[PDB]
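Heads up: numbering here begins at 1 and tracks the sequence. Values below: every heavy atom of this structure, side chains too, minus hydrogens, waters and symmetry copies.
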Amino acid sequence: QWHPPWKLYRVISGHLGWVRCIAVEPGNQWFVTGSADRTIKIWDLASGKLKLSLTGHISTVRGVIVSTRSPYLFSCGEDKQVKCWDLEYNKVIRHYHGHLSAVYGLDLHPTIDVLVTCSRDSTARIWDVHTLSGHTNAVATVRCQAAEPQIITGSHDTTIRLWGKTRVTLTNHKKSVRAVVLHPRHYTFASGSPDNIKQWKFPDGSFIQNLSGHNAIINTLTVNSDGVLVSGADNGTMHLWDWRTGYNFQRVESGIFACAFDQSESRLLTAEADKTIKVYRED
Ligand code: NI
């Protein structure tokens, strides 16, 4: 196979701190970011220009997602808070209390109206818009699914857990896992580590292959339907891979905290520690 390499096309500034999270709204008209400057910002995707900015977290913003079935935006931050924003009204409308520590990330179930959070308190929690216990350290990322097992978490205990109980726990990683990605066809997924990015088959989590080579602190993993997998790390390096073969076909304060494709999958957006969002397309 063959993927054209990606190039830098835009740099969007405006935050005043590390950009930790990024998400694209389902209509592909705007995207939303969160930063250590404690603000949530919404930008038009075509112009890159700032549309709106929301405040309400008192700590770093670590997770964002725009609902696929609502007019709502959800967010979780290091202040242990998890909020429901109505940007049509541009304000918080609900709180989700229950985590005992900083909340690192979230994902939405495709059609059950549930929100899933992952926190430093080593648990994931489900929220109607349960408590998933068993991990022995911070859960850095969580992915939600349609079929069983619907919940996938990556923890600082180096383990993957397929879930209000765990079905599968996979211990193959030698370092703590910090990023997990689902493949849009939902038969395979991948887990990020400093030692290796590992590929697993749903639903029981069967190890497929090791994707070696990205020797850094992997903060983010994202893939599009064409099979282009993206890994961003705290040193600012980014490794592009072919999903099926596992080939690393391109290698491009500094650091990458979140990456996100747009709905067209022709744009790749990065949340970086230099306080900017960088947009890449294919050359
Ligand atoms: Ni409250």
Side-chain angles (χ1 to χ4, degrees), residues 20-21 62-63 65 76 78 82 98-109 114-127 130-143 145-147 149 151-156 158-160 162-164 166 168-173 175-183 186-200 202-214 216-223 229-233 239 241 243 246 257-259:
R20 307 295 305 257
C21 50
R62 307 285 310 265
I65 194 167
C76 75
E78 279 171 16
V82 172
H99 280 314
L100 311 166
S101 314
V103 192
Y104 289 129
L106 46 57
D107 195 12
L108 283 167
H109 205 273
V114 281
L115 168 70
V116 182
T117 41
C118 68
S119 173
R120 181 148 158 90
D121 57 18
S122 319
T123 69
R125 195 157 311 221
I126 310 179
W127 313 89
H130 285 95
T131 291
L132 281 47
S133 320
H135 285 307
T136 73
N137 208 338
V139 196
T141 177
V142 54
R143 284 305 131 93
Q145 205 201 215
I151 299 182
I152 313 98
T153 55
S155 325
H156 288 173
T158 78
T159 60
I160 302 317
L162 307 185
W163 302 77
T166 318
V168 183
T169 318
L170 296 142
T171 88
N172 298 66
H173 286 276
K175 312 286 275 290
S176 289
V177 303
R178 184 168 294 95
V180 187
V181 64
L182 291 193
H183 194 274
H186 300 96
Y187 309 144
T188 309
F189 53 103
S191 322
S193 83
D195 41 304
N196 256 2
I197 311 167
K198 301 192 169 76
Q199 207 175 57
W200 318 80
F202 268 131
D204 282 11
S206 308
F207 173 78
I208 300 192
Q209 61 180 331
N210 287 310
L211 268 65
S212 321
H214 205 174
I217 319 102
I218 299 317
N219 296 338
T220 183
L221 296 182
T222 312
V223 73
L229 172 65
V230 186
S231 57
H239 278 25
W241 314 60
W243 179 272
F257 289 118
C259 298

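- In this structure the side chain of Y104 reaches within 4.5 angstrom of the side chain of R62, judged on heavy atoms.
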Report task. Under the side chain to side chain contact (heavy atoms under 4.5 Å, CB included) rule, what do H99 and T117 come out as? Steps first, then yes or no, please. Result -> CA-CA 9 Å; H99 280 314; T117 41; 2.8 Å; yes
**Prompt:** Checking side chain to side chain contact (heavy atoms under 4.5 Å, CB included) for the pair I126/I151: CA distance, chi angles, key distance, verdict?
**Reply:** CA-CA 10 Å; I126 310 179; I151 299 182; 3.7 Å; yes
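- Contact annotation: the side chain of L100 never approaches that of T123 to less than 4.5 Å [non-hydrogen atoms, C-beta and beyond].
- A distance-only check finds no donor-acceptor pair linking the side chain of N196 to the backbone of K198 [under 3.5 Å].
- One N or O on the side chain of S119 and one on the backbone of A102 form a donor-acceptor pair closer than 3.5 Å.
- The side-chain heavy atoms of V230 and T220, taken from C-beta on, include no pair separated by under 4.5 Å.
- Proximity of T159 to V177: side-chain heavy atoms (C-beta onward) are nowhere separated by under 4.5 Å.
- The main-chain N or O of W241 is never found under 3.5 Å from a side-chain atom of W243 such that the two would form a donor-acceptor pair.
- Considering only heavy atoms from C-beta on, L106 comes within 4.5 Å of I65 through its side chain.
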I'd like to know whether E78 forms a side chain to side chain contact (heavy atoms under 4.5 Å, CB included) with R20, so could you lay out the CA-CA distance, the side-chain angles of the two residues, the decisive distance to 0.1 Å, and finally the verdict.
CA-CA 11 Å; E78 279 171 16; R20 307 295 305 257; 4.0 Å; yes
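- Formation of a donor-acceptor pair under 3.5 Å by the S231 side chain with backbone atoms of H239 is found in this model.
- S206 places no side-chain N or O within 3.5 Å of a backbone atom of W200 that could act as its donor or acceptor partner.
- Residues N219 and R178 are in side-chain contact: their nearest non-hydrogen atoms beyond the backbone lie under 4.5 Å apart.
- Of the possible donor and acceptor atoms, one in the side chain of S176 sits under 3.5 Å from a partner among the backbone N and O of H156.
- Considering only heavy atoms from C-beta on, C259 comes within 4.5 Å of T222 through its side chain.
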Walk me through it: do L162 and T153 pass the test side chain to side chain contact (heavy atoms under 4.5 Å, CB included)? CA-CA 7 Å; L162 307 185; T153 55; over 6 Å; no
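- Judged by distance alone, the side chain of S193 and the main-chain N or O of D195 form a donor-acceptor pair under 3.5 Å.
- Ring-centre distance between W163 and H130: not below the 6.0 Å cut-off.
- Rounding to the nearest 0.5 angstrom, the gap separating the CG atom in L211 from the CG atom in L221 is 9.5 Å.
- Side-chain atoms of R125 do not come within 3.5 Å of backbone N or O of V116 as any donor-acceptor pair.
- Taking the side chain as every heavy atom from C-beta outward, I152 and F202 approach each other to under 4.5 Å.
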